[PDB]
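**Q** Got a file for you: protein_13.txt, compact mmCIF, C-alpha atoms.
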# COMPACT_ATOMS: atom_id res chain seq x y z
CA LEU A 1 12.51 9.02 16.02
CA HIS A 2 11.94 5.34 16.55
CA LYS A 3 9.81 2.58 15.18
CA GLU A 4 7.61 0.55 17.51
CA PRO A 5 5.90 -2.74 16.84
CA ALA A 6 2.21 -2.97 16.05
CA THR A 7 -0.18 -5.60 14.69
CA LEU A 8 -2.71 -4.78 12.06
CA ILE A 9 -6.17 -5.15 13.33
CA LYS A 10 -8.07 -3.61 10.42
CA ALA A 11 -7.52 -1.46 7.28
CA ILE A 12 -9.93 1.50 7.32
CA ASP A 13 -9.10 3.87 4.39
CA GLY A 14 -6.24 5.44 2.42
CA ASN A 15 -4.78 7.30 5.43
CA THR A 16 -6.46 5.51 8.42
CA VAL A 17 -5.75 2.10 9.92
CA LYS A 18 -6.63 0.31 13.17
CA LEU A 19 -3.68 -1.31 14.91
CA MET A 20 -3.04 -3.07 18.19
CA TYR A 21 -0.43 -0.78 19.72
CA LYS A 22 1.10 -1.61 23.11
CA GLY A 23 -1.50 -4.31 23.67
CA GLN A 24 -4.36 -1.85 22.98
CA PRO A 25 -6.45 -1.16 19.84
CA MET A 26 -5.99 2.32 18.40
CA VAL A 27 -7.03 4.14 15.17
CA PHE A 28 -4.00 5.72 13.49
CA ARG A 29 -4.12 8.60 11.01
CA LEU A 30 -1.12 8.64 8.59
CA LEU A 31 0.94 11.85 9.26
CA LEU A 32 1.25 14.36 6.40
CA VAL A 33 -1.00 12.44 3.95
CA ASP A 34 -3.99 14.15 2.49
CA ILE A 35 -6.60 12.35 0.42
CA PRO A 36 -8.76 14.60 -1.80
CA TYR A 37 -8.92 8.21 -6.07
CA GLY A 38 -10.17 7.82 -2.48
CA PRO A 39 -11.21 4.20 -3.20
CA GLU A 40 -7.88 3.63 -4.96
CA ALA A 41 -5.96 4.98 -1.97
CA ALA A 42 -7.96 2.78 0.36
CA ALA A 43 -7.22 -0.35 -1.66
CA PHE A 44 -3.55 0.50 -1.85
CA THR A 45 -3.10 1.01 1.88
CA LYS A 46 -5.26 -2.07 2.62
CA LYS A 47 -3.06 -4.29 0.46
CA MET A 48 0.20 -2.90 1.82
CA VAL A 49 -0.79 -3.43 5.50
CA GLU A 50 -2.65 -6.74 5.03
CA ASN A 51 0.29 -8.28 3.17
CA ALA A 52 2.90 -7.08 5.65
CA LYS A 53 4.65 -9.49 7.91
CA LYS A 54 5.69 -6.61 10.19
CA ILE A 55 3.89 -3.29 10.81
CA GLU A 56 5.62 -0.52 12.75
CA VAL A 57 4.39 2.81 14.03
CA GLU A 58 6.69 5.83 14.34
CA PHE A 59 5.46 8.90 16.12
CA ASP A 60 6.96 12.23 15.27
CA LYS A 61 8.29 14.85 17.74
CA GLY A 62 5.00 16.79 17.92
CA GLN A 63 1.59 15.97 19.33
CA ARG A 64 0.87 12.25 19.10
CA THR A 65 -2.91 12.14 19.06
CA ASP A 66 -5.52 14.31 17.40
CA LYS A 67 -8.73 15.71 18.91
CA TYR A 68 -10.55 12.51 17.86
CA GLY A 69 -8.07 10.37 19.82
CA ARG A 70 -6.34 9.02 16.67
CA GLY A 71 -2.64 8.29 16.84
CA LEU A 72 -0.67 10.51 14.43
CA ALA A 73 2.24 8.54 13.06
CA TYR A 74 4.32 7.26 10.13
CA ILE A 75 3.25 3.70 9.49
CA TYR A 76 5.64 1.14 7.97
CA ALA A 77 4.91 -2.22 6.41
CA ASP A 78 7.90 -4.53 6.18
CA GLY A 79 10.06 -1.47 6.53
CA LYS A 80 8.53 0.53 3.74
CA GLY A 81 6.73 3.72 4.70
CA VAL A 82 3.04 3.64 3.78
CA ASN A 83 2.76 7.40 3.96
CA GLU A 84 5.50 7.91 1.40
CA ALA A 85 4.33 4.98 -0.80
CA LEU A 86 0.88 6.58 -1.15
CA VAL A 87 2.30 9.97 -2.02
CA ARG A 88 4.91 8.48 -4.42
CA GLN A 89 2.08 6.57 -6.20
CA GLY A 90 0.07 9.76 -6.73
CA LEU A 91 -2.68 8.46 -4.43
CA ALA A 92 -2.41 11.29 -1.82
CA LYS A 93 -1.05 14.81 -1.48
CA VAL A 94 1.28 16.04 1.23
CA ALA A 95 -0.65 17.77 4.01
CA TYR A 96 0.11 20.90 5.99
CA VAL A 97 2.33 20.32 9.04
CA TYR A 98 0.25 19.72 12.18
CA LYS A 99 1.65 20.67 15.56
CA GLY A 100 5.38 20.13 15.02
CA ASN A 101 5.16 16.78 13.22
CA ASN A 102 7.32 17.60 10.17
CA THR A 103 10.29 15.23 10.37
CA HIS A 104 9.45 13.56 7.03
CA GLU A 105 7.77 16.53 5.35
CA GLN A 106 10.64 17.36 3.00
CA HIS A 107 11.11 13.80 2.01
CA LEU A 108 7.36 13.41 1.27
CA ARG A 109 7.34 16.58 -0.77
CA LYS A 110 10.13 15.12 -2.98
CA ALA A 111 7.98 11.93 -3.54
CA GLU A 112 4.96 14.10 -4.40
CA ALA A 113 6.99 16.16 -6.92
CA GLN A 114 8.10 12.97 -8.60
CA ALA A 115 4.55 11.61 -8.78
CA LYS A 116 3.41 14.95 -10.19
CA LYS A 117 6.12 14.87 -12.85
CA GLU A 118 5.01 11.35 -13.80
CA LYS A 119 1.36 12.58 -13.93
CA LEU A 120 0.32 9.57 -11.82
CA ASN A 121 -3.26 9.03 -10.59
CA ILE A 122 -4.34 12.27 -8.82
CA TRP A 123 -1.75 14.11 -10.93
CA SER A 124 -3.22 12.70 -14.18
Could I get this file's structure written as structure tokens?

**A**
Amino acid sequence: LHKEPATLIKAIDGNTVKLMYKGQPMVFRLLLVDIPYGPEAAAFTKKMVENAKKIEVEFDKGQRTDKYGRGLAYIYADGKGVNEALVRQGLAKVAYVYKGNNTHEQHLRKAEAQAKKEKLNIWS
């Protein structure tokens, strides 16, 4: 896979963000991140993307938009994956794979196990 540049336009919620991507505005849904702490997840994502000096989007090898026209990607802020950071913090669960987008699934499951062991936030 590869990372592509994007500019934050607006934080929306724990697993949704609006970015300028290839000179066009687009709502992105964070791949493989489920949010049942909803306000907590929102604040966490908001801070991570607003404080970033560099935001990148990384599509996976499966379908790239959902039925609502949202881009389905891994989002990075200064190189750190937001999807994984939310799962590792116990602020989201790992979702079911959607349409072949599973590159980072195993890695996210490891983060989720560790958050669960630590009884963090949703795993309280």

**Q** Using all atoms listed in the file, which residues sit within 9 Å of stretch 70-86 of chain A once same-chain residues fewer than 6 positions away are excluded, as a ChimeraX atom specification?

**A** /A:3,14-16,26-33,41,44-45,48-60,63-64,92-93,101,104,107-108,111-112

**Q** Go ahead and fit an axis-aligned box to every listed atom of stretch 21-37 of chain A plus 8 Å each side, and pass me the centre and edge lengths in Å, one decimal, as JSON.

**A**
{"center_x": -3.8, "center_y": 5.1, "center_z": 8.8, "size_x": 26.2, "size_y": 34.9, "size_z": 45.7}

**Q** Expressed in Å to a single decimal, how great is the separation between atom CA of residue A:119 and atom CA of residue A:90?

**A** 7.8 Å

**Q** For residue A:105, which residue out of A:40, A:12, A:47, A:87 is the nearest one, using only C-alpha atoms?

**A**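 Between A:40, A:12, A:47, A:87, the residue approaching residue A:105 most closely is A:87.
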
**Q** Quote the spacing between atom CA of residue A:106 and atom CA of residue A:62 in Å to one decimal place.

**A**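 Computed distance, atom CA of residue A:106 to atom CA of residue A:62, equals 16.0 Å.
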
**Q** Atom CA of residue A:22 to atom CA of residue A:4: how many Å, to one decimal?

**A**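 Computed distance, atom CA of residue A:22 to atom CA of residue A:4, equals 8.9 Å.
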
**Q** Do you know which residues are at most 10 Å from residue A:25 counting only C-alpha atoms, after dropping those on the same chain fewer than 2 positions away, and could you put them as a ChimeraX atom specification?

**A** /A:6-10,18-23,27-28

**Q** Next, the residues of the selection above should be written as a CSV table (one decimal), in the frame of the given file with C-alpha atoms.

**A**
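Wrote it out as result.csv, contents follow:
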chain,number,residue,atom,x,y,z
A,6,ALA,CA,2.2,-3.0,16.0
A,7,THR,CA,-0.2,-5.6,14.7
A,8,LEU,CA,-2.7,-4.8,12.1
A,9,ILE,CA,-6.2,-5.2,13.3
A,10,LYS,CA,-8.1,-3.6,10.4
A,18,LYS,CA,-6.6,0.3,13.2
A,19,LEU,CA,-3.7,-1.3,14.9
A,20,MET,CA,-3.0,-3.1,18.2
A,21,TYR,CA,-0.4,-0.8,19.7
A,22,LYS,CA,1.1,-1.6,23.1
A,23,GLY,CA,-1.5,-4.3,23.7
A,27,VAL,CA,-7.0,4.1,15.2
A,28,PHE,CA,-4.0,5.7,13.5

**Q** Which one is closest to residue A:116: A:89, A:24, A:102, A:65? Count all atoms listed in the file.

**A** A:89
